[PDB]
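Reviewing the structure listed below.
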Amino acid sequence: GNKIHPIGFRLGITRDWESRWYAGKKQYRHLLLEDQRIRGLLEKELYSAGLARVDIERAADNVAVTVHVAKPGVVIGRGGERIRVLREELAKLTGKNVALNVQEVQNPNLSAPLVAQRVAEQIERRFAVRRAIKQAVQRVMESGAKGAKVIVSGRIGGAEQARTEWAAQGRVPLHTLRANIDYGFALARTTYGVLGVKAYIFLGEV
Amino acid sequence: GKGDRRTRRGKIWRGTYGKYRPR
Amino acid sequence: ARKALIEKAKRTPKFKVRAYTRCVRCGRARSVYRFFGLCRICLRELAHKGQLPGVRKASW
Amino acid sequence: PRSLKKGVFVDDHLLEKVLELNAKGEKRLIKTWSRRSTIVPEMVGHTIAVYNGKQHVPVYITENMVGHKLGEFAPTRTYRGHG
RNA sequence: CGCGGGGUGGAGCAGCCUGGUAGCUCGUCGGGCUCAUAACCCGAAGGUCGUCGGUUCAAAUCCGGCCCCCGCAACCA
RNA sequence: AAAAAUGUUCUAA
RNA sequence: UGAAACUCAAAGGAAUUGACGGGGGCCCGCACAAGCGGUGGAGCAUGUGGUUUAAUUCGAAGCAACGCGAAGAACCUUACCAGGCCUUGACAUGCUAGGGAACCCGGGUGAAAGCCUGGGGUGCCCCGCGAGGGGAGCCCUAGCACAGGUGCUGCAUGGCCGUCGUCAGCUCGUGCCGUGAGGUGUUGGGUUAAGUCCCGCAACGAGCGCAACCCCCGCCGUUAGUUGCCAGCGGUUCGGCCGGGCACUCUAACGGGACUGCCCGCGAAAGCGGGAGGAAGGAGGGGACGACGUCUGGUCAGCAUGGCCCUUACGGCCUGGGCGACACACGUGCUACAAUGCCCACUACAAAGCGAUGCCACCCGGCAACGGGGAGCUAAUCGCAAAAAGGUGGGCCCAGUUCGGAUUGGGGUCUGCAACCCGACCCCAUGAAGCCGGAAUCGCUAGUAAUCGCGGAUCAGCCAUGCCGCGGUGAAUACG
Ligand SMILES: [K+]
Ligand SMILES: [Mg+2]
Ligand SMILES: [Mg+2]
Ligand SMILES: [Mg+2]
Ligand SMILES: [Mg+2]
Ligand SMILES: [Mg+2]
Ligand SMILES: [Mg+2]
Ligand SMILES: [Mg+2]
Ligand SMILES: [Mg+2]
Ligand SMILES: [Mg+2]
Ligand SMILES: [Mg+2]
Ligand SMILES: [Mg+2]
Ligand SMILES: [Mg+2]
Ligand SMILES: [Mg+2]
Ligand SMILES: [Mg+2]
Ligand SMILES: [Mg+2]
Ligand SMILES: [Mg+2]
Ligand SMILES: [Mg+2]
Ligand SMILES: [Mg+2]
Ligand SMILES: [Mg+2]
Ligand SMILES: [Mg+2]
Ligand SMILES: [Mg+2]
Ligand SMILES: [Mg+2]
Ligand SMILES: [Mg+2]
Ligand SMILES: [Mg+2]
Ligand SMILES: [Mg+2]
Ligand SMILES: [Mg+2]
Ligand SMILES: [Mg+2]
Ligand SMILES: [Mg+2]
Ligand SMILES: [Mg+2]
Ligand SMILES: [Mg+2]
Ligand SMILES: [Mg+2]
Ligand SMILES: [Mg+2]
Ligand SMILES: [Mg+2]
Ligand SMILES: [Mg+2]
Ligand SMILES: [Mg+2]
Ligand SMILES: [Mg+2]
Ligand SMILES: [Mg+2]
Ligand SMILES: [Mg+2]
Ligand SMILES: [Mg+2]
Ligand SMILES: [Mg+2]
Ligand SMILES: [Mg+2]
Ligand SMILES: [Mg+2]
Ligand SMILES: [Mg+2]
Ligand SMILES: [Mg+2]
Ligand SMILES: [Mg+2]
Ligand SMILES: [Mg+2]
Ligand SMILES: [Mg+2]
Ligand SMILES: [Mg+2]
Ligand SMILES: [Mg+2]
Ligand SMILES: [Mg+2]
Ligand SMILES: [Mg+2]
Ligand SMILES: [Mg+2]
Ligand SMILES: [Mg+2]
Ligand SMILES: [Mg+2]
Ligand SMILES: [Mg+2]
Ligand SMILES: [Mg+2]
Ligand SMILES: [Mg+2]
Ligand SMILES: [Mg+2]
Ligand SMILES: [Mg+2]
Ligand SMILES: [Mg+2]
Ligand SMILES: [Mg+2]
Ligand SMILES: [Mg+2]
Ligand SMILES: [Mg+2]
Ligand SMILES: [Mg+2]
Ligand SMILES: [Mg+2]
Ligand SMILES: [Zn+2]
């Protein structure tokens, strides 16, 4: 184990933060804890919607949580009732005027955080781990991606001797700064332990 | 030496002040 | 002895000299920074995720 | 030592225990955990049981050990040397 | 109670003769080298000399008794 | 043209 | 000439990929050599073994465990020990029943926790000139479902990390060879810091690596001119202080700049030797960045997570103790053994950081730690602040000392509910070992080593001599 997080490595060159705001030392942590309490709620509720990225902006006693998502209709629900079922439960833990926004992700198979969640659920459903990887790396390449790489670590097929498996197509330059490599990790819990699913999507150089 | 607290040199070492290193 | 120690730390104590910082994320007691509410480990996990406003991997 | 701008420290709960005895014609065996309470002239002649972490050691208090703390007379570690 | 020799650090041997000074090799303990051990290298500790008694200012050393342990001898019928 | 011995049993994931 | 009993589940042949060699050849790394400073001896600081202990929680184990997790163990922390306590519980969502509360101020006992208690007074929509009767945040007592476990397994695991190694490598797709493992490519000639590039070639490409893109430092430009700066005229209590200006220095964003682009020489080429310009030359110096894999490496005690395990106890609260013990042994460091030094006084020159129960100017009390006053600053403005070595002047004169500052007595200060175990600092006195360290052993190739000081994280305080940073002064040496 040695490799550095491809997001933290590119933060400022290819990846903007998921929370953007300024806060003097006297309350950074408070807005930070709130930021985490929000993401916890939404990552729980909006799991079945295909959550990919929570943007949290903040300015003056108000906050603009922006949820990028695969199926936006799931988040909003009946005409904006399930959407506002959260717009207020959010504001019940926000206190602030917690504005909620929903964004459409152009391609789901081009979102590394979702590919990993897809493969993670496929192992929880006891699919063939080797097959389930080569299938996902296939979809990302068909969706135009310049290269993809997916990794399963753990007790593959419940084998006592845990193991690591992977597959990759195109190219994935982890050492390039100008490469835009979406990265997403998901955790797969099974009856024989927990499994790690890592997804690397080379989107292109800029 | 730096270990001798009763000197202007040892007081600089412990970062403290006294008769043997006033301000 | 862990969760009841996450709780006892939040509570106000019998004497202000009995208060200690805990990581708000994971509950760790050592190496917790005041500025974040986070230990040195969660500080590294959230930093790399980009969920820490304006913090960037330093280099000089 | 304690800044004498502040008082000489006795946990009060122990101090009651001894001033009642003087008033009522002392003395009872006094068992306390305040190893920190300074030996104070109202204690001479009494015997305090000091908890050293395991037991309450008796301590007969004399005039020549007043400026001290009670814990000084109930040691906490037993040694006996090495084999 | 026939004649010899011997008893001293843990083992095996000097020192006794010529009274004053305990020594050598291994072993034992602390360090070092080695991934580790051995070898090797650097340090250190341990013997009131079988025992009782005598001579002497002073006894492992000299003298007498006892204990222990090996060796020799025991011929003429 | 070479100072210098050795590495307990089962297991090789 | 030539058996048998008994016994094994193999013994074998060639070839393949590796690993290894006190085989070879060619290369590289502070690997040795050349140097300079240390460690190993001393006293002390800290981590560990061992012993001890009621407990001295637990993990880390050659390199790559040992100032490591610990970036702050007096109580808390705390996971250990003793004793006193709790039992749907400190914590989660759910169900009931009785109260029917919500919340805030007490009281008795007790070390505290705890147990026993005492006050007042809840809206919600309701029927209201009535009793109010209900219902509801949330409380509380009994009953359950369940919580809880830093208990065990890192040899069931995710995540993260160490390591080999910033070493130059590891492979794939098609084609070709081979019965097959597998080979070829990736080998060979040359070149590079590099599987870097060139030429060759049953191979032709491709991917992960290397490089590059990114950050700091070095020169120049644009853009800005306060809180920063003062070149030149005016004042000026002589302080950039006022006028005034942004030139400069700086501050911080965007740009330029170096590419073997140019000349000589070599070479088939890539490249290599030297030159010129140029602040900078051959990747300018430093960072970030770590291939396929290895080590059943490390972490269930950060977290997560399967399984096993405990359930008035292996959970929870408290007080006290312990984690700081000490016949010993090892690692990492601090301070030194002196004169290229020590001491006092005077006097210069930093950088990066921090600062609203914060940093504290200046003022008086005090030998001092500090205390009391008390401005300024939400900080290019006010403060921490003195930087130190250095420069000057003077004192010590080779002594266990005017070297060294351990140990111990007494007296205080301060943070803290509280400094007995077990804090830091200050002052009087005490003034140990140590005369340059056996066998052995470490780091560093340049603004490096060495030496000097300064700041930050943790933090009430602090056992920091540790760590992460910062500049000041500034070498020696590399034949090989
Ligand atoms: K005869
Ligand atoms: Mg099952
Ligand atoms: Mg002195
Ligand atoms: Mg937990
Ligand atoms: Mg605390
Ligand atoms: Mg803390
Ligand atoms: Mg003997
Ligand atoms: Mg002998
Ligand atoms: Mg002789
Ligand atoms: Mg003689
Ligand atoms: Mg001898
Ligand atoms: Mg030995
Ligand atoms: Mg090994
Ligand atoms: Mg050895
Ligand atoms: Mg000797
Ligand atoms: Mg005799
Ligand atoms: Mg003699
Ligand atoms: Mg005859
Ligand atoms: Mg043998
Ligand atoms: Mg077996
Ligand atoms: Mg063969
Ligand atoms: Mg050398
Ligand atoms: Mg030394
Ligand atoms: Mg030493
Ligand atoms: Mg121990
Ligand atoms: Mg453990
Ligand atoms: Mg410790
Ligand atoms: Mg500490
Ligand atoms: Mg504790
Ligand atoms: Mg406790
Ligand atoms: Mg085990
Ligand atoms: Mg592992
Ligand atoms: Mg692991
Ligand atoms: Mg272990
Ligand atoms: Mg290799
Ligand atoms: Mg092929
Ligand atoms: Mg063949
Ligand atoms: Mg064929
Ligand atoms: Mg092949
Ligand atoms: Mg290869
Ligand atoms: Mg090959
Ligand atoms: Mg190869
Ligand atoms: Mg080959
Ligand atoms: Mg390289
Ligand atoms: Mg080729
Ligand atoms: Mg300008
Ligand atoms: Mg790189
Ligand atoms: Mg292991
Ligand atoms: Mg577990
Ligand atoms: Mg755990
Ligand atoms: Mg030593
Ligand atoms: Mg140290
Ligand atoms: Mg040392
Ligand atoms: Mg300071
Ligand atoms: Mg002296
Ligand atoms: Mg001496
Ligand atoms: Mg002196
Ligand atoms: Mg004292
Ligand atoms: Mg203390
Ligand atoms: Mg001398
Ligand atoms: Mg030396
Ligand atoms: Mg070098
Ligand atoms: Mg010095
Ligand atoms: Mg501090
Ligand atoms: Mg101390
Ligand atoms: Mg410091
Ligand atoms: Zn944490």
Side-chain angles (χ1 to χ4, degrees), chain A residues 1-4 9-10 12-13 24 147 153-155 159-162 168-179 185 187-196 205, chain B residues 1-10 12-14 16-20 22-23, chain C residues 1-9 11 13-21 23 25-34 39-42 44-45 56-60, chain D residues 1-5 9 11 13-14 31-36 51-56 68-83:
Chain A
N2 24 16
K3 298 169 159 45
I4 199 171
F9 189 30
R10 279 153 189 72
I13 313 173
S153 299
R155 301 184 53 182
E160 178 187 25
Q161 176 58 274
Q169 294 210 219
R171 102 183 197 180
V172 193
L174 271 309
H175 282 240
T176 299
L177 267 320
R178 68 183 182 263
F185 173 88
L187 187 67
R189 179 212 40 89
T190 61
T191 42
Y192 40 88
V194 107
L195 283 278
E205 308 180 24
Chain B
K2 299 170 190 164
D4 194 338
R5 315 190 190 211
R6 281 173 217 239
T7 60
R8 184 254 185 189
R9 177 51 62 179
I12 296 175
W13 200 84
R14 338 209 119 247
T16 64
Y17 292 104
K19 181 236 313 249
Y20 291 112
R23 353 182 213 199
Chain C
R2 116 77 69 269
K3 185 164 166 191
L5 284 169
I6 305 171
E7 296 295 344
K8 244 205 311 207
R11 178 203 49 182
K14 220 185 313 197
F15 317 92
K16 89 193 177 184
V17 69
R18 259 187 209 177
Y20 55 100
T21 49
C23 195
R25 194 155 166 261
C26 81
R28 197 186 168 112
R30 283 209 183 83
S31 279
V32 279
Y33 291 52
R34 280 159 149 187
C39 72
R40 68 155 169 84
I41 307 185
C42 299
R44 186 175 185 262
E45 300 171 12
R56 166 166 36 201
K57 271 191 48 78
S59 166
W60 75 102
Chain D
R2 182 175 170 82
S3 233
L4 33 90
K5 139 199 296 177
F9 195 79
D11 272 304
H13 65 75
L14 181 52
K31 37 182 297 165
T32 191
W33 291 254
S34 289
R35 294 169 54 83
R36 65 233 177 109
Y51 200 73
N52 64 7
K54 183 197 208 186
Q55 271 151 321
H56 293 273
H68 294 274
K69 318 310 187 80
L70 277 167
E72 300 189 38
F73 299 93
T76 51
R77 303 181 192 87
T78 35
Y79 181 42
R80 300 203 179 114
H82 299 83

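Hydrogens, waters and symmetry mates are skipped; everything else that's a heavy atom, side chains included, is used. Throughout, a chain's letter reflects where its sequence line sits, starting with A, and its residues are numbered from 1.
Between B:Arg8 atom CZ and G:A387 atom P there is a gap of 11 Å when expressed in whole angstrom units.
For the criterion of Watson-Crick or G-U wobble pairing, both bonds shorter than 3.5 Å, the nucleotides G:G228 and G:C36 do not count as partners. A Watson-Crick or G-U wobble pair joins G:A203 and G:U174, with the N1-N3 or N1-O2 distance and the second distance both under 3.5 Å. The base of G:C354 engages G:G383 as a Watson-Crick or G-U wobble partner, both distances under 3.5 Å.
G:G106 is paired with G:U117 under the Watson-Crick or G-U wobble criterion, all donor-acceptor distances under 3.5 Å. In this entry G:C44 has G:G333 as its Watson-Crick or G-U wobble partner, both defining distances falling under 3.5 Å. The nucleotide G:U87 finds no pairing partner, because no Watson-Crick or G-U wobble arrangement with both distances shorter than 3.5 Å includes it. The pairing partner recorded for G:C144 is G:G94, the criterion being a Watson-Crick or G-U wobble arrangement whose two distances lie under 3.5 angstrom.
Comparing G:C215, G:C289, G:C318 by their closest approach to the side chain of C:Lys14 singles out G:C318. Comparing G:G469, G:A156, G:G405 by their closest approach to the side chain of B:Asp4 singles out G:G405. With G:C417, G:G316, G:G159 as the candidates, the nucleotide lying closest to the side chain of C:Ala4 is G:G316. Nearest to the side-chain atoms of B:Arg14 among the listed nucleotides G:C214, G:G416, G:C425 stands G:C425. When each of G:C289, G:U413, G:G159 is scored by its nearest atom to the side-chain atoms of A:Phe185, the top-ranked nucleotide is G:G159. In the set G:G412, G:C422, G:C452, G:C452 carries the atom at the smallest distance from any side-chain atom of B:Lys2. Of the listed nucleotides (G:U357, G:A79, G:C425), G:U357 has the atom at the smallest distance from the side chain of C:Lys16. Out of G:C214, G:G159, G:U56, the shortest distance to the side chain of A:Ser153 is found at G:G159. Of all nucleotides listed (G:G290, G:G322, G:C208), G:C208 comes nearest to the side chain of A:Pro173. Distances were taken from every side-chain heavy atom of D:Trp33 (C-beta onward) to each of G:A388, G:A111, G:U465; the shortest belongs to G:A111.
Residue B:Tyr20 places no side-chain atom within donor-acceptor reach of the base of G:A368, judged by atom type and a 3.5 Å distance cut-off alone. Side-chain to base pairing of C:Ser59 with G:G287: one donor and one acceptor N or O lie within less than 3.5 Å of each other. In the interface, the side chain of D:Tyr51 is paired with the base of G:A82 through a donor and an acceptor atom under 3.5 Å apart.
Salt-bridge formation is detected for the pair C:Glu45/C:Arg25: a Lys NZ or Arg NE/NH1/NH2 atom is positioned less than 4.0 Å from an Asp or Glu carboxylate oxygen. Between B:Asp4 and B:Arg9, none of the side-chain N atoms (NZ, or NE/NH1/NH2) sits under 4.0 Å from a carboxylate O, so this pair counts as no salt bridge. With respect to the salt-bridge test (charged N to carboxylate O, under 4.0 angstrom), the residues A:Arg171 and A:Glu205 qualify.
Contact annotation for D:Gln55: no contact, since no heavy-atom pair falls under 4.0 Å across all strands. In this structure, D:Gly71 reaches the bases: a heavy-atom distance under 4.0 Å links it to at least one base atom across the strands shown. Looking at heavy-atom distances under 4.0 Å, B:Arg9 makes contact with sugar-phosphate atoms alone, never a base. Note on A:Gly1: a base of the nucleic acid sits closer than 4.0 angstrom, heavy atoms only. Residue B:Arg5 is in sugar-phosphate contact alone, with no base atom involved, counting any heavy-atom pair closer than 4.0 Å across all strands shown. Among the protein residues, A:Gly196 comes within range of the sugar-phosphate backbone only, with heavy atoms under 4.0 Å from sugar or phosphate atoms but none that close to a base. Residue B:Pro22 is out of contact with every strand shown, counting any heavy-atom pair closer than 4.0 Å. Residue contacts shown for A:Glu160 are limited to sugar-phosphate atoms, with no base heavy atom under 4.0 Å away. Counting non-hydrogen atoms under 4.0 angstrom, C:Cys42 reaches a base of the nucleic acid. Residue C:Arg56 is out of contact with every strand shown, counting any heavy-atom pair closer than 4.0 Å. Contacts of D:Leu70 with the nucleic acid, taken as non-hydrogen atoms under 4.0 Å apart, are absent.
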What does the list of N/O pairs under 3.5 Å between the protein and nucleotides 390-395 of chain G look like, with a distance for each?
none

Which atoms of nucleotides 305-309 of chain G (N or O only) lie under 3.5 Å from a protein N or O atom, and what are those distances?
| residue | atom | partner | partner atom | Å |
| --- | --- | --- | --- | --- |
| G:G306 | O4' | A:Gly193 | N | 3.3 |
| G:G306 | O3' | A:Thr191 | O | 3.3 |
| G:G306 | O2' | A:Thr191 | O | 2.9 |

Tabulated below should be each protein N or O lying under 3.5 Å from an N or O of nucleotides 360-367 of chain G; please produce it.
| residue | atom | partner | partner atom | Å |
| --- | --- | --- | --- | --- |
| G:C367 | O2 | B:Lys19 | NZ | 3.1 |

**Request:** Give the dot-bracket string for RNA chain F, reading 5' to 3', where a pair is Watson-Crick or G-U wobble with both distances under 3.5 Å, ( ) marks pairs inside the strand, [ ] marks pairs crossing earlier ones, | marks a partner on another strand, and . marks unpaired.
**Result:** ....|||......
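Judged purely by atom type and a 3.5 angstrom limit, A:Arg10 uses its side chain to pair as donor or acceptor with the backbone of A:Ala179. In this structure, A:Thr176 contributes its side chain and A:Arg178 its backbone to no donor-acceptor pair below 3.5 Å. Remark: the backbone N or O of B:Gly18 is not paired with any side-chain donor or acceptor of B:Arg23 at under 3.5 angstrom.
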**Asked** Going through the checks in order, is the side chain to side chain contact (heavy atoms under 4.5 Å, CB included) test met by C:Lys14 and C:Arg18?
**Response** CA-CA 7 Å; C:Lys14 220 185 313 197; C:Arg18 259 187 209 177; 3.5 Å; yes
**Fill in**
Protein heavy-atom contacts under 4.0 Å, written 5' to 3' over nucleotides 70-77 of chain G as B (base), S (sugar-phosphate only) or - (none), form the string BSSS-BBS
**Request:** Scan nucleotides 43-50 of chain G nucleotide by nucleotide, 5' to 3', and note B when protein non-hydrogen atoms come under 4.0 Å of the base, S if they reach only the sugar-phosphate, - if neither.
**Result:** --------
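Straight-line distance between the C1' atoms of G:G240 and G:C216: roughly 33 Å, to the nearest whole Å. Distance noted for atom P between G:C139 and G:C91: 10 Å (whole Å). Between the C1' atoms of G:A406 and G:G400, the separation comes to 14 Å (whole Å). Between G:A304 and G:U445, the distance separating the two P atoms is 45 Å to the nearest Å. Atom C1' of G:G469 sits at a distance of 13 Å from the matching atom of G:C354, rounded to the whole Å. Nucleotides G:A385 and G:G320 are separated by 46 Å at their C1' atoms, to the nearest Å. With P as the reference atom, G:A70 and G:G302 are 9 Å apart, rounded to whole Å. With both ends at atom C1', the span from G:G23 to G:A258 equals 49 Å, rounded to whole Å.
For G:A399, the glycosidic angle deviates from 0 by 90° or less, giving a syn base. More than 90° away from 0 lies the glycosidic angle of G:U340, which makes this nucleotide anti. Annotated as syn: G:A79, whose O4'-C1'-N torsion sits within 90° of 0.
Taking every heavy atom of both residues into account, D:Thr76 and D:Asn52 meet most closely at CG2-O, 3.4 Å. In terms of heavy-atom proximity, A:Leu177 sits nearest to A:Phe9 at CD1-O, 3.7 Å.
The six-membered rings of E:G30 and E:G31 are stacked by the 5.5 Å centre and 30° plane criterion.
Using cut-offs of 30° and 60° for the angle between ring planes, the D:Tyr51 and D:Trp33 rings count as tilted.
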